[PDB]
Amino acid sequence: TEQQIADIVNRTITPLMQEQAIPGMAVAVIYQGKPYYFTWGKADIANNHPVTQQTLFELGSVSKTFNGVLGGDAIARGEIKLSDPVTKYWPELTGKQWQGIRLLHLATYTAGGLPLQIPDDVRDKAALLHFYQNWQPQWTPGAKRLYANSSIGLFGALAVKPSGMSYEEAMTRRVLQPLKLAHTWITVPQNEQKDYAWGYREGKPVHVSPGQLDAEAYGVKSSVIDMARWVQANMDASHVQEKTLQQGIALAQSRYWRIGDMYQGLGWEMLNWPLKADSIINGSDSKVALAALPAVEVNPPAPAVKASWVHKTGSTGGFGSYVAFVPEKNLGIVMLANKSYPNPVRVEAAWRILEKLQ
């Protein structure tokens, strides 16, 4: 029942926003394939705008699951293969160290320790090229997973090239438009800006700043309604008319590597359901989530498993989001807030809501 779910979301989101000092939230809960929407707080303190179902939040690394879907959609079209060398799509990357690294490795953060970020002095395509040319691997490709923006950023920029559009256009025309994601953007148009929340890093209003591969890595903004649709679609893509995007969705959740009790999809991450909360709650810690961890290959990739916890966390200077879903259960949650908080806290919270409704 709706009052029940509402009670559930509220017993948890109320103390969360009070203790984490979060000005503004929106969650959606997918409970038996149906979405429920909840809104709190202000999106914008200085312009006095309440959070609504249209407010746009920066998603952070959740932007990376649109990256993997778009990649998969490329794969389904036959324009790319994860086994393809990277130099096939960027032949200017000469340099013996790039020899043997596949799209797969970029995509799944197993290239060899590509660093978490592109250094912020790297400001145009020449510098980026020079950055990749002189990059020296810590490890052989395929041995360790080090989570990175400079890795899967490059997957996404290489993944769209056959299409003949830029990633941003490919994303919009090949994912967002088909899925009726009218409030989801890389670049927010001027006439959508009224809806764009501000983020808050120590009382100061912030938005993600331009950087190389931002759209591919962390540059998506979206409303709760879109995100709730994104979750419903990636949980059950059975009504996706566009066949390459349908398949692309499935491939996003194929299991490509094992790192402990986690299996690395393309942007999404999964674990076997049922599980124990300490899995996802501890694994959500920066100490672990950002660690270089041995990675066991799963070749060929297991198709997508219905009995999974599928999720992604993401955060910017001023925003924290989380997305999770259990295909077997038809159950998911979206959590969009305009202040970052610790990810353990954000998973603990999702788990509280979802375990109460399992």
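A residue's number is simply how far along the shown sequence it sits, counting from 1.
(request) Mind pulling up the entry and telling me whether 153-161 or 206-214 has the higher mean Cα temperature factor? (result) If you average the C-alpha B-factors of 153-161 and of 206-214, the larger mean comes out for 206-214.
(message) So, looking at the entry's B-factor column for Cα atoms, which has the higher mean, 325-333 or 308-316?
(response) Higher mean C-alpha B-factor: 325-333.
(request) Go through 233, 245, 103, 118 one by one and give the residue whose Cα B-factor in the PDB entry is largest. (result) Spelled out: the listed residue with the top C-alpha B-factor is 118.
(message) Between 167, 98, 196, 147, which one tops the list for Cα B-factor in this entry?
(response) In the PDB entry, the greatest C-alpha B-factor among 167, 98, 196, 147 is found at 98.
(message) Split into thirds by Cα B-factor across the chain's modelled residues, where does residue 60 land: lowest, middle or highest?
(response) Lowest third - that is where residue 60 ends up once the chain's C-alpha B-factors are sorted.
(message) Going by the CA temperature factor in the PDB record, which third of the chain does residue 112 belong to: lowest, middle or highest?
(response) Its C-alpha B-factor, which the entry lists for residue 112, ranks in the lowest third among residues of this chain.
(request) Divide the modelled residues of the chain into thirds by Cα B-factor and specify which third, lowest, middle or highest, holds residue 267. (result) Tercile = lowest for this residue's CA B-factor.
(message) Ranking the modelled residues of this chain by C-alpha B-factor as given in the entry, is residue 340 in the lowest, middle or highest third?
(response) Middle third - that is where residue 340 ends up once the chain's C-alpha B-factors are sorted.
(message) Based on the deposited C-alpha B factors for this chain, I'd like to know if residue 13 is in the lowest, middle or highest third.
(response) For residue 13, whose C-alpha B-factor we compare with every modelled residue in the chain, the answer is the highest third.
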